[PDB]
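Since the structure comes first, as structure tokens, the remarks are kept for the end.
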Amino acid sequence: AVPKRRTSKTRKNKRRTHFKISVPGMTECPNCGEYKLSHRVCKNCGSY
Amino acid sequence: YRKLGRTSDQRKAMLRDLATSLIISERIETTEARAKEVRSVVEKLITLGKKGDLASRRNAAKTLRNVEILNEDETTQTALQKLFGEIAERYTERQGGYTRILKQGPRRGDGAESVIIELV
Amino acid sequence: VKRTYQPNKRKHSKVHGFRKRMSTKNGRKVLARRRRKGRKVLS
Amino acid sequence: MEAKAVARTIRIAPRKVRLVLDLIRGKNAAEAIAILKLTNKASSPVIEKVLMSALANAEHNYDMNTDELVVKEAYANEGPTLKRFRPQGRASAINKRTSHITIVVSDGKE
RNA sequence: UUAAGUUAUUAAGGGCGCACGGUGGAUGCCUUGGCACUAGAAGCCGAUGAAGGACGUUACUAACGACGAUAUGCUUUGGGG
RNA sequence: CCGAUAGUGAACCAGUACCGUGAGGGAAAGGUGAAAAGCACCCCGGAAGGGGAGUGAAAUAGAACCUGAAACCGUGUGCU
RNA sequence: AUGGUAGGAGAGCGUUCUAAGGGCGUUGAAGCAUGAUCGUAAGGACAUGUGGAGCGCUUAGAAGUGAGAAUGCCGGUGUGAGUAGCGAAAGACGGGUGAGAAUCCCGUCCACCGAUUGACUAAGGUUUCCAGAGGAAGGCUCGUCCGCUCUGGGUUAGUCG
RNA sequence: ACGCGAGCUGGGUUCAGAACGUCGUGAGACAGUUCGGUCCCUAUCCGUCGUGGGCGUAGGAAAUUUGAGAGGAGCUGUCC
RNA sequence: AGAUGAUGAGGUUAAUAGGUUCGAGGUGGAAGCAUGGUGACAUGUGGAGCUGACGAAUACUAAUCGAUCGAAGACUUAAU
């Protein structure tokens with residue numbers, strides 16, 4: 001129940017392809033505010 | 001329903017102390033689900049104290065802790081007296097809701113999708 | 001559980017100690033060696 | 001045209017941080033700051049701090065326009081790992097890593 | 001225009017060359033130290049208190065060394081500049 | 001005859017740290033620059049760290065400081 | 001004529017040092033890296049950058065003389081893997097501090113121990129003590145806190161022992 | 001692998017204690033029995049069961065579908 | 001529906017969830033009155049009173065602002 005061989009770096013990187021992090025939305029405030037995420041309190045340059 | 005990954009007795013006690021403090025402040029900051037589920041609770045407490053009957057008074061004293069707001073001018077009363085004397089009137093017309101809620105950002109220590117809760 | 005080494009200062013100073021090791025020839029032999037090694041410490 | 005900024009030997013793993021940095025590669029300083037203020041890690045605000053000083057450099061020193069500034073390149077690389085211990089009733093130990101952060105920002109030109 | 005046929009266009013990622021960095025501390029060079037020898041001295045101290053030490057004494061001053069209530073030293077001469 | 005995995009255990013904080021009830025066992029650790037002239041002053045930064053400026057023949061010579069390999073980790077890239 | 005193991009004989013390739021000779025070298029040595037060059041081989045030159053001082057050539061002499069393996073020794077590095085794990089006890093809210101808060105302070109409520117996780121005296125441990133200042137390092141996360149660091153203070157006996 | 005213990009137990013072995021019978025000068029042996037007596041592992045590769053991501057089908061999208069093939073199913077009994 | 005993510009239902013022109021109201025269902029006669037009762041207790045007021053997941057209804061509360069992506073019908077030949 002332990003490694004028999006070694007992890008080749010190619011195989012490592014292959015595995016951790018989907019090991020990522022996606023993004024936030026970050027719209028503007030056409031309702032009230034500066035550029036700030038949609039439909040939201042002022043998080044940064046916002047009012048609504 | 002929701003459990004909070006916590007025990008039943010701790011849970012009940014937490015919720016009732018929550019709603020107590022809430023009544024004191026009229027809004028507070030906490031997490032999401034704890035607010036989601038003190039929501040219905042205190043909605044029902046309002047639904048009680050909208051009536052002022054002694055029966056409901058008794059039923060509420062179950063849940064409300066035994067607390068003293070020092071109101072202004074060195075004036076003091078309890079959450080109970082407040083509820084049956086100040087707040088029932090306010091939403092005396094309304095037919096639900098009575099609260100609102102405000103998503104906010106994570107906390108530092110965690111990914112705590114925190115929230116403010118207030119009255120409406 | 002109990003492990004070893006329940007210390008006593010006096011007992012340390014008794015089975016060790018200057019006046020102890022200096023009683024016996026076979027005691028005094030070692031101090032020479034500690035001095036010979038220049039080990040900083042005796043007893 | 002370009003400006004540097006560099007954080008020396010920061011108490012974070014390069015793999016802990018390389019991901020939060022693998023996004024703003026190719027972007028603008030403005031959107032990038034927003035992204036940093038939105039992602040809920042601990043690497044972020046540091047990187048933000050670095051960015052602010054980078055552009056403080058590019059302005060106070062080179063005086064380029066802070067809006068046509070894209071991210072030229074940014075990465076980080078290893079640093080001087082240190083070592084600490086673990087009780088377990090008998091000997092055991094581990095390492096605390098570090099990081100060398102580098103971010104270069106250009107006005108997209110020569 | 002329809003058929004029948006060929007054929008692209010993708011790199012999420014990876015590989016191969018190239019370049020640029022980082023870590024780390026080999027290599028190169030060097031010596032402060034040592035090893036083995038040569039020749040000549042010397043071989044060995046203490047109850048007048050030994051070796052070996054502990055406590056102290058200094059501008060700061062940490063240890064190391066020096067000296068010990070005359071305590072980071074005194075008298076003395078000869079040199080000394 | 002060796003030139004810091006050598007040479008004595010010990011070129012520095014050595015019989016020391018440390019270990020051991022106790023005898024006893026017992027390490028690691030050298031190199032700025034000719035000169036410290038050891039980065040005045042500005043900017044970001046909570047600070048650290050930096051970027052400029054400035055010194056220096058040289059600061060990818062900046063105190064952990066001569067060269068600075070390899071494993072390893074990274075960014076770009078031409079062909080796939 | 002010329003497959004070839006133990007093995008035998010022979011020819012050699014290089015490394016360090018010494019003598020002599022003759023030389024190179026801040027107009028940049030040694031090392032270092034690159035490279036599409038030469039040699040039948042051990043290997044050797046050249047140019048190119050870094051490098052910032054000593055080194056080759058010829059001849060002969062001498063040797064701690066040539067390493068891929070010894071479940072070899074010493075150091076650094078990975079892999080596993082962002083995995084496994086993060087050691088006992090009910091917390092919640094507000095207010096505050098502050099660059100920065102779940103983890104610090106203050107308050108309220110709640111909860112737990114309950115012949116005790118309580119209080120004493122010893123042994124043993126030796127300044128961990130208190131008052132300030134500190135995030136650099138330590139704290140199994142965090143950290144404005146600390147049994148962490150710095151500074152400065154701190155233990156009083158005829159009856160106690 | 002007298003199918004399977006990195007899937008379970010260990011009742012028996014075989015362990016060290018002990019008894020009996022026999023043999024052995026004895027130390028001990030037998031097997032002749034008897035009571036009792038410690039079963040480790042965070043799954044890297046293939047493999048398997050499920051689940052997604054990526055891209056491609058010479059225009060792009062939504063929905064419905066043929067099915068090349070693959071898997072599954074076939075047990076009995078009884079009164080009239 | 002579901003480890004996750006995928007699936008699905010909805011996203012203000014809105015019944016998605018919650019609340020409120022009603023109901024269902026469950027439990028078993030609330031409190032306060034009054035009466036009886038020396039008392040414990042009992043009766044009526046009253047299938048009362050309460051009721052988490054269930055059902056309807058009601059926009060009272062929140063799913064609003066808004067952002068990102070997203071093609072330009074290839075060739076050959078015979079028909080056309």
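How things are named: the first chain in the structure tokens is A, the next is B, and so on; residues count from 1 in each chain; ligands count from 1 in the order shown.
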* With a cut-off of 9 Å and counting only C-alpha atoms (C1' of nucleotides), select all residues of chain D in contact with chain G and give the selection as a ChimeraX atom specification. => /D:15-16,86
* Counting only C-alpha atoms (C1' of nucleotides), which residues of chain G come no farther than 9 Å from chain B, as an MDAnalysis selection string? -> chainID G and resid 90:94 101:103 108:111 141:142
For the residues selected in the previous step, produce a file with C-alpha atoms (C1' of nucleotides) as a PDB file, in the first residue's frame.
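So again28.pdb came out as:
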ATOM      1  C1'   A G  90     -20.249  24.444  24.581  1.00  0.00           C
ATOM      2  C1'   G G  91     -20.003  28.421  23.105  1.00  0.00           C
ATOM      3  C1'   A G  92     -22.956  32.936  20.970  1.00  0.00           C
ATOM      4  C1'   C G  93     -23.478  38.187  20.319  1.00  0.00           C
ATOM      5  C1'   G G  94     -22.092  42.922  20.827  1.00  0.00           C
ATOM      6  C1'   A G 101      -9.259  39.652  13.997  1.00  0.00           C
ATOM      7  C1'   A G 102     -13.322  33.401  14.890  1.00  0.00           C
ATOM      8  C1'   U G 103      -8.230  32.720  17.746  1.00  0.00           C
ATOM      9  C1'   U G 108     -23.842  39.805  28.744  1.00  0.00           C
ATOM     10  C1'   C G 109     -25.907  35.147  28.358  1.00  0.00           C
ATOM     11  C1'   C G 110     -24.805  30.044  28.231  1.00  0.00           C
ATOM     12  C1'   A G 111     -22.004  25.759  29.358  1.00  0.00           C
ATOM     13  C1'   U G 141      -3.835  27.195  11.719  1.00  0.00           C
ATOM     14  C1'   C G 142      -4.072  32.421  13.073  1.00  0.00           C
TER      15        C G 142
END
* By how many Å are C1' of residue 63 in chain G and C1' of residue 30 in chain E apart? -> 24.2 Å
* Between E:24, E:79, E:13, E:52, which one has atoms that come closest to chain D, using only C-alpha atoms (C1' of nucleotides)? -> E:24
* residue 35 in chain I environment, 10 Å, only C-alpha atoms (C1' of nucleotides), sequence neighbours closer than 2 positions dropped, as JSON, numbers by chain -> {"I": [37, 43, 44]}
* **Interface list for chain A, partner chain B, 10 Å threshold, only C-alpha atoms, as a ChimeraX atom specification** => /A:40-43
Could you dump the residues just selected with N, CA, C and O atoms as a PDB file, in the first residue's frame?
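What ended up in again-v3.pdb:
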ATOM      1  N   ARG A  40     -24.817  43.486  -6.128  1.00  0.00           N
ATOM      2  CA  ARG A  40     -24.100  43.275  -4.879  1.00  0.00           C
ATOM      3  C   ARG A  40     -23.803  44.569  -4.140  1.00  0.00           C
ATOM      4  O   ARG A  40     -23.680  45.639  -4.736  1.00  0.00           O
ATOM      5  N   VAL A  41     -23.663  44.432  -2.826  1.00  0.00           N
ATOM      6  CA  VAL A  41     -23.183  45.503  -1.966  1.00  0.00           C
ATOM      7  C   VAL A  41     -21.827  45.976  -2.465  1.00  0.00           C
ATOM      8  O   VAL A  41     -21.118  45.252  -3.175  1.00  0.00           O
ATOM      9  N   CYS A  42     -21.462  47.205  -2.107  1.00  0.00           N
ATOM     10  CA  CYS A  42     -20.121  47.686  -2.392  1.00  0.00           C
ATOM     11  C   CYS A  42     -19.092  46.744  -1.786  1.00  0.00           C
ATOM     12  O   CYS A  42     -18.888  46.726  -0.569  1.00  0.00           O
ATOM     13  N   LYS A  43     -18.456  45.950  -2.645  1.00  0.00           N
ATOM     14  CA  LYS A  43     -17.302  45.146  -2.271  1.00  0.00           C
ATOM     15  C   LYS A  43     -16.006  45.873  -2.598  1.00  0.00           C
ATOM     16  O   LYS A  43     -15.039  45.812  -1.834  1.00  0.00           O
TER      17      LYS A  43
END
* To do: Determine, counting only C-alpha atoms (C1' of nucleotides), which protein, DNA and RNA residues have an atom within 12 Å of an atom of residue 42 in chain C; residues of the same chain fewer than 3 positions away are not included. Present the result as an MDAnalysis selection string.
  => (chainID C and resid 13 16:22 27:28 30:39) or (chainID E and resid 52:53) or (chainID F and resid 23)
* To do: Using only C-alpha atoms (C1' of nucleotides), find the residues of chain A whose closest atom to chain E is at most 8 Å away, then write them as a PyMOL selection string.
  => chain A and resi 10+14+17
Using N, CA and C atoms, can you export the residues from the last selection as an mmCIF file, in the first residue's frame?
data_model
loop_
_atom_site.group_PDB
_atom_site.id
_atom_site.type_symbol
_atom_site.label_atom_id
_atom_site.label_comp_id
_atom_site.auth_asym_id
_atom_site.auth_seq_id
_atom_site.Cartn_x
_atom_site.Cartn_y
_atom_site.Cartn_z
ATOM 1 N N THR A 10 6.373 14.428 -15.555
ATOM 2 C CA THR A 10 5.324 14.437 -16.561
ATOM 3 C C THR A 10 4.030 13.883 -16.006
ATOM 4 N N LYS A 14 0.620 15.990 -15.438
ATOM 5 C CA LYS A 14 -0.578 15.473 -16.058
ATOM 6 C C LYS A 14 -1.702 15.364 -15.074
ATOM 7 N N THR A 17 -3.298 18.807 -13.842
ATOM 8 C CA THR A 17 -3.924 19.717 -14.786
ATOM 9 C C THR A 17 -5.155 20.380 -14.190
#
